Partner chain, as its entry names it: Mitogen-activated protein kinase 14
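Below, in structure tokens: the form deposited without its partner chain, a single chain.
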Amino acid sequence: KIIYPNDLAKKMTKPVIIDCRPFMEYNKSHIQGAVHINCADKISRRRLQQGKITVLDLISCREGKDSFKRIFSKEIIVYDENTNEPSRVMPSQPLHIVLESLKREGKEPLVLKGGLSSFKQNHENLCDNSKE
């Protein structure tokens, strides 16, 4: 259920990547290609928590033809700002929300060990930073 930065780097060069930080952080900087899931907004937060909207949906509904089947086959990487151990993620954190939602949808997500903090250490090159 965990993956190391350098490990994520290899796969990024050889998977879906989901950013669980506040939208403002995401815009300042995030992993290239990463999708941001809104857990800040109550409507969105609740809707994801009540299983009314699926995370896979938020990703697939923006792509194409075999989008859904393809995503279900890929590995899903989810990352925080600096979380190290998933088992110790409080039920209130977006990371936990997105995580429970993915399991529910039938996928076994991987957590970026150390979050972005640890990733940007040697892979700032793989992040998109914004002009702001």
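If you superpose the two forms and keep the largest set of C-alpha atoms that fall within 1.5 Å, you have the rigid core. Numbering follows the first chain given and starts at 1.
The form deposited with its partner chain bound exists for this protein as well; it is not shown, and the discussion that follows is about that form.
Although its partner chain is omitted here, in the deposited bound form all of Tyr26, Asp41 and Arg46 have a heavy atom within 4.5 Å of it. Among residues of the shown chain, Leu58 is one whose heavy atoms approach its partner chain to within 4.5 Å in the deposited bound form.
Although the partner is absent here, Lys74 lies well away from its partner chain in the deposited bound form, with no heavy atom inside 4.5 Å. Looking at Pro22, you'd find a heavy atom of it within 4.5 angstroms of its partner chain in the deposited bound form. Residue contact with its partner chain in the deposited bound form: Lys107 places no heavy atom within 4.5 Å of it. Only one of 81-89, 97-105, 64-72, 46-54 places residue heavy atoms within 4.5 angstroms of its partner chain in the deposited bound form, namely 46-54.
The residue among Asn38, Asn82, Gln49, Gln93 whose Cα moves by 2 angstroms or more between this form and the one not shown, once the core is superposed, is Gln49.
In this overlay on the rigid core, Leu102 has a C-alpha that sits less than 2 Å away from its partner position between this form and the one not shown. Once both forms are fitted on their rigid core, the CA atom of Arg70 lies 2 Å or more apart between this form and the one not shown. In summary, the C-alpha positions of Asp41 and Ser92 converge in the deposited bound form, ending up at least 3 angstroms nearer each other than in this conformation. Look at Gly64 and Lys107: in the deposited bound form their Cα atoms move 3 Å or more farther apart than in this form.
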